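Worksheet for the structure shown next.
Protein chains in written order, with the authors' numbering: chain A, -1 to 37; chain B, 1721 to 1812.
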């Protein structure tokens, strides 16, 4: 187990963009930008 | 002994660090950095400079970046500001 490791950047275009978006989404909190019907 | 700060304060430092990375990478085109934050941030910053798709709607990545820069532009009237979004929000 724990063999596979995530690659540094990708030329795919969109998959690498949502991966970028992920790094940023965890980098900052920001407002939820929703009403949020959750406890 | 908590060192957790007020919820508004703690989220303010972390959100400012995100902006400071956007500011860093906007000025930073050098290869002298090898840290992960700079690599992904320069990727997206040089991208946003060559991305008409962001105003064309079909790019959520730049939607994140303009969200930092918008909140930041409300307080920052800097005309010499590194962030291209920040100007294009408070000028237009």
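For each residue, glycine too, the CB sits at the ideal point set by N, CA and C.
| Check | Outcome |
| --- | --- |
| Candidates B:1755, B:1803 and B:1794, of which the one nearest residue 1782 of chain B by Cα | B:1803 |
| Short CB-CB distance (under 9 angstroms) between residue 23 of chain A and chain B | yes |
| Euclidean distance between Cα positions of residue 1749 of chain B and residue 1767 of chain B | 12 angstroms |
| Terminal residues of the alpha helix (DSSP H) in which residue 11 of chain A lies | Unbroken run through residue 11 of chain A: none, as it is neither H nor E. |
| Buried or exposed (CB count within 10 angstroms, at least 16 for buried), residue 1811 of chain B | exposed |
| Range of the contiguous alpha helix (DSSP H) that encloses residue 1728 of chain B | 1727 to 1747 |
| Residue 26 of chain A versus residue 1721 of chain B: straight-line alpha-carbon distance, rounded | 25 angstroms |
| Chain C contacts from the region 1 to 34 of chain A (Cβ-Cβ distance under 9 angstroms) | Checking the listed chains, one finds no chain C in this structure; the protein chains it contains are A and B. |
| Neighbour-count burial assignment, residue 1821 of chain B, 16 or more Cβ in a 10 Å radius | Residue 1821 of chain B lies beyond the residue range present for chain B, which begins at 1721 and ends at 1812; the question has no answer from this structure. |
| Residue-level contact to chain A via CB, residue 1725 of chain B, 9 angstroms cutoff | no |
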